[PDB]
Amino acid sequence: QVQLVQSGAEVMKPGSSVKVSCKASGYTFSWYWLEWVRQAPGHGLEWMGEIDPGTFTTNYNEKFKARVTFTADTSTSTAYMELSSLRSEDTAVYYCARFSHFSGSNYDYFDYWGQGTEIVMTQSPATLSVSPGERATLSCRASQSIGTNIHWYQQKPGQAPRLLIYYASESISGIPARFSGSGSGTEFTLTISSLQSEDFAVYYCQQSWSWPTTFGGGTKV
Amino acid sequence: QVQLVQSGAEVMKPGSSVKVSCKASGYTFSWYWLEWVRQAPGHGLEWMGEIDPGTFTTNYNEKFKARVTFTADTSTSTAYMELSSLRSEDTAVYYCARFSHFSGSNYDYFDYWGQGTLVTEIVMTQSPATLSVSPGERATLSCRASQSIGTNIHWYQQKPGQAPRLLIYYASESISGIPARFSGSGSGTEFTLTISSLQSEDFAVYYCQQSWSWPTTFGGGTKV
Amino acid sequence: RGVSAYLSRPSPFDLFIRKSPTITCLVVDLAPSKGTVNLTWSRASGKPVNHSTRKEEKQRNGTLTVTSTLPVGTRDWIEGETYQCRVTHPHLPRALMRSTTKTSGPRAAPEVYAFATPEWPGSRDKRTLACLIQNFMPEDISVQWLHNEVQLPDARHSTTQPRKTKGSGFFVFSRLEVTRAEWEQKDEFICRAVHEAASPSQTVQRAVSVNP
Amino acid sequence: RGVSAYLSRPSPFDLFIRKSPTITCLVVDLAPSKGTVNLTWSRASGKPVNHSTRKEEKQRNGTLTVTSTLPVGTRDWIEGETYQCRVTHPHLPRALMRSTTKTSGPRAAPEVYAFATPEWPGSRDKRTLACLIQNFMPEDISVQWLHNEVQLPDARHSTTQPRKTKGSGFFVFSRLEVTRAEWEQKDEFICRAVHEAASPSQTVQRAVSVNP
Ligand SMILES: *[C@@H]1O[C@H](CO)[C@@H](O[C@@H]2O[C@H](CO)[C@@H](O[C@@H]3O[C@H](CO[C@H]4O[C@H](CO)[C@@H](O)[C@H](O)[C@@H]4O)[C@@H](O)[C@H](O[C@H]4O[C@H](CO)[C@@H](O)[C@H](O)[C@@H]4O)[C@@H]3O)[C@H](O)[C@H]2NC(C)=O)[C@H](O)[C@H]1NC(C)=O
Ligand SMILES: *[C@@H]1O[C@H](CO)[C@@H](O[C@@H]2O[C@H](CO)[C@@H](O[C@@H]3O[C@H](CO)[C@@H](O)[C@H](O[C@H]4O[C@H](CO)[C@@H](O)[C@H](O)[C@@H]4O)[C@@H]3O)[C@H](O)[C@H]2NC(C)=O)[C@H](O)[C@H]1NC(C)=O
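Protein chains in written order, with PDB author numbering: chain C, 1 to 117, 144 to 247; chain A, 1 to 120, 144 to 247; chain D, 334 to 545; chain B, 334 to 545.
Right, dumping it as structure tokens:
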């Protein structure tokens, strides 16, 4: 009963102002931190920034700080993101994120309807197409030891990344028991007992240990 | 079925060597750390030292460092304590202790056969000093330490003329066989031992124990 | 390696029979500190919320637990309103929040079994009654025994937390000890389980007399 | 967050029938480190010790659990010799010790009650059987189901660890699901409890038919 509406896609050419609106339904807009993530075709997801509407405080990524602009509107429970210095080199789809969390930094619960015309880990193996009936293992290792503060997302093509495993050990409800994650320290493994064409998508690694938050290159199946 | 016997009381004179023998039966003598505690009239029983029989290493209290000497013999399953430079104030009863333990310091399991008579920085505060028998009435005993110890505290029961009996370890759980009337609770600097109903069958001195830091200290105690 | 907190859902007996649902948001293993922990509540519609009773007390092994219980509307919960418990502690860097709402999974009606033990040697005064609830989904359930159309205290009957069946559903066993005077007064004992999947009135009950 | 370890006692089924009682000393909450943990064993009398099988394994929540299982002679245990497990860990300043021995408390014979569930729609072939073990001391107990004098795997029957009753003793519930072909093969199913207090041969059993 919690969905978020991002803004309709719009035409762009280099050097024009852009505004995209992320709307929140199903949860109190003021209480949860909102976040902005950037996925560029051919590049793993990278942190773009975050904003708190309760206090109207704002945080920015190292490179996007001056380019990006963050604001929110409390009355209608809508928040929008604006950006400048646009280049076609910066062509990417931006997925708006919420911050459901335990303690400081954590996984995200978010929808994804926005497209615009650094303590990072290693994503491996890079890509593997469908192979039915064989157990499939995806490996993620981070530059700095992460302990167990890692998360697994699944983005089916054209939709929002859906959280699969939080903290690499335990799976979110509704997920079939075949998906299982394990690991410690720097190394982590996601094991699918049996691989079925029913679930095919890209799987991205998440690290919340330190700032900025990082995502793996991903593995598509 | 674990008994350890200390030495029969021994007559001594000022300036004479004294030896106390602790023998261990019912458990492997090599594996458990042994300990020595001194109870002096006017002084709560306080840490005298400890020894590891497997490696023969030794630990000492600030005051007893030079006077006391600890030794062990593996075949006899006995540990001995000897000391010199005796003073008239140093007449006391010596209890030899075992160290069932998790990590550095913890509770003790021990018997009662040490008497010394010669012809002539964390303190534990235990209160009230004394409360006489009133059967069927709840009795509450409080123990306070100057520096917060967390939960590293223990409660002993010493009936007069016998060994202190371990009652509660870590202030929460009772050792098996003890009636459920005895209960402990507390944290930080303050701790309370509560006897739900008081019975003449169990009358004794109850001593506070500290495992947080060195040296280990004991409260003055409360007898009934 | 961090403090965690758990949130519970209202029991079906407090929902359908008592009509007063109990929502519990609790925090655990909090290292005791002079920092005050603030627990706030809100609902998804951002519209007014009932005040929460707050109860804070220490625990035996020395870790601190603070709990806050919020009364909820019965229809508000069955419709699916999502509730948010916010915990803020100066020890934590950012605020912590937990959310709950009605489950939308498949529903299985609870199967009720009431069994009585024959009079066996050595216990003429005390008798035992057992109840088995089988094949119910979701895991929310509340079970009770009524003697002479009265609500017996929770302590009287021992129950088991739900465990997944070998097949489909969950099963709960409960044990009750009746005194001689209880069946001396009245001989009908009915075991009833309240569950969201249950119908007509979220109640399934079975009674059998002490002797068949 | 100090690390702890537990030692377990032999089950009555492994004690009286199998004639191989095994005591297991294991450590939990192990913070992963490259330091290897060494576990040694002894008995109080200084009499011979059999070598213990050692198995170290990771778990889902990431904590390491290391176990050592020592086979014990039944007579040595019935005599009451206490066994000591010594665990040494490079992180810990001094070694840790755990001790175990036979229970000498009052012993109460287990009461077994076997119940059968009525046939319900949609599962005509498969039925459910329940067993209640009551008023036994001490809380040492092991339960089994026999179908035509065959031991069904431990996994097949879900059982509950003993918990103290309101009065004196403990109660255990176990639930088994019977296949159609199994009661087609043989129709009497026996719930058996193995316990020290049980006699003549530490077994108490009652049987139930699937349907009359
Ligand atoms: C992370 O993963 C670990 C993996 O082991 C979990 O560890 C379990 O929990 C604790 C240690 O963390 C262990 O507790 C002990 O369990 C014993 C039970 O073992 C018997 O019963 C099991 C059924 O669970 C049988 O399978 C087994 O054969 C044994 O016969 C108890 O006997 C111990 O008793 C002590 O605690 C009880 C409270 O239960 C007290 O009342 C007693 O006085 C006594 O002091 C103890 O409970 C447990 O054994 C571990 N699992 C297993 C399978 O052994 C962690 O829980 C988990 N944590 C998180 C946060 O994920
Ligand atoms: C020392 O302090 C106290 C003892 O005085 C102790 O607090 C306990 O903490 C644990 C967790 O750390 C609590 O366990 C919880 O219990 C609730 C009760 O239902 C469970 O729900 C929780 O787990 C499940 O919750 C759902 C089912 O209810 C499941 O859907 C979910 O997936 C979980 O499996 C959780 O286990 C425990 O309740 C408290 N104690 C009390 C009395 O409430 C503390 O842990 C002790 N030790 C430490 C190291 O803190």
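Cβ atoms here follow ideal geometry from the backbone N, Cα and C, with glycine treated the same way.
- Under the Cβ distance rule, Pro-365 (chain B) counts among the residues neighbouring chain C, one pair being separated by less than 8 Å.
- Interface flag for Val-5 (chain C) against chain D is unset, since no Cβ pair is found closer than 8 Å.
- Residue D:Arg-460 holds the alpha-carbon nearest to the alpha-carbon of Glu-515 (chain D) among D:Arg-460, D:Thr-436 and D:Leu-465.
- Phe-214 (chain C) and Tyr-229 (chain C) have their alpha carbons spaced roughly 13 Å apart.
- Non-local beta-carbon contacts of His-528 (chain B) in its own chain, meaning distances under 6 Å to residues more than five positions away in sequence, involve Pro-345, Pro-443, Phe-469 and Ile-474 in chain order.
- With a threshold of 16 other beta carbon atoms within 10 Å, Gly-242 (chain C) meets it and is buried.
- DSSP assignment within the region 149–195 of chain A yields no whole alpha helix (DSSP H) run of 4 residues or more.
- For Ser-210 (chain C), a Cβ of chain B is located within less than 8 Å of the residue's own Cβ.
- Partner residues in a beta bridge of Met-48 (chain C), as assigned by DSSP, do not exist.
- In this structure, the straight-line span from the alpha carbon of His-480 (chain D) to that of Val-445 (chain D) is close to 17 Å.
- Rounded to the nearest angstrom, the gap between the Cα atoms of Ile-201 (chain C) and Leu-190 (chain C) is 7 Å.
- Distances taken from the Cβ of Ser-341 (chain B) to the heavy atoms of ligand 1 include one shorter than 7 Å.
- A straight line joining the alpha-carbon of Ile-350 (chain D) with that of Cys-524 (chain D) spans about 15 Å.
- Remark: C-beta atoms of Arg-38 (chain C) and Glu-46 (chain C) approach each other more closely than 8 Å.
- Take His-101 (chain A), set aside five residues on each side of it, and the residues of its chain with a beta-carbon closer than 7 Å to its own are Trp-33, in chain order.
- Residue-level contact check: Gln-1 (chain C) touches chain D, since one or more beta carbons of chain D fall below 8 Å from its beta carbon.
- Look at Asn-175 (chain A): its beta carbon is at least 7 Å from all of the heavy atoms in ligand 2.
- Going by C-alpha positions, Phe-503 (chain D) is about 13 Å away from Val-476 (chain D).
- Around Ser-337 (chain B), the same chain offers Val-360, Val-361 and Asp-362 as residues with beta carbons nearer than 8 Å, after the five sequence neighbours per side are excluded.
- Comparing alpha carbon positions, the residue from A:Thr-58, A:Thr-78 and A:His-43 closest to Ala-24 (chain A) is A:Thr-78.
- Remark: the shortest separation between the CB of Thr-450 (chain B) and any heavy atom of ligand 1 does not fall under 7 Å.
- Taking a cut-off of 8 Å for Cβ pairs, the region 447–462 of chain D and the region 376–387 of chain D do not touch, as fewer than three such pairs fall below it.
- Listed in chain order, the non-local C-beta contacts of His-177 (chain A) below 6 Å within the same chain comprise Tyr-107, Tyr-192 and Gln-232, local neighbours out to five positions each way being set aside.
- When the five nearest sequence neighbours on each side are left out, the beta carbons in the same chain lying within less than 6 Å of the beta carbon of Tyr-27 (chain A) are those of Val-2, in order along the chain.
- Within the region 376–450 of chain B, the complete alpha helix (DSSP H) runs of at least 4 residues fall at 407–412.
- CA-CA distance, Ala-168 (chain A) to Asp-225 (chain A), rounds to 26 Å.
- Around the C-beta of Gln-467 (chain B), 16 or more other C-beta atoms lie within 10 Å, and the residue is accordingly described as buried.
- In the DSSP annotation of this structure, the continuous segment of the beta strand (DSSP E) that includes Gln-233 (chain C) starts and ends at 228–233.
- Taking non-hydrogen atoms of ligand 2 into account, the C-beta of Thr-398 (chain D) is found less than 7 Å away from one of them.
- Between the alpha carbons of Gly-159 (chain C) and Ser-223 (chain C) lies a gap of roughly 10 Å.
- Per DSSP, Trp-33 (chain C) is one residue of the beta strand (DSSP E) stretching across 33–39.
- Leaving aside the five residues that flank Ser-236 (chain C) on each side, the residues in its chain whose CB is nearer than 6 Å to its CB run, in chain order, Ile-145.
- Within the region 77–102 of chain A, the complete beta strand (DSSP E) runs of at least 3 residues fall at 78–83 and 93–99.
- Relative to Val-541 (chain D), the option among D:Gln-535, D:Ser-341, D:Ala-488 and D:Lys-519 whose CA is nearest is D:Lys-519.
- Residues of the region 528–545 of chain B with a C-beta atom less than 9 Å from some C-beta of chain A do not occur.
- By the Cβ neighbour-count rule, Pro-426 (chain D) is exposed, with fewer than 16 other Cβ atoms within 10 Å of its own.
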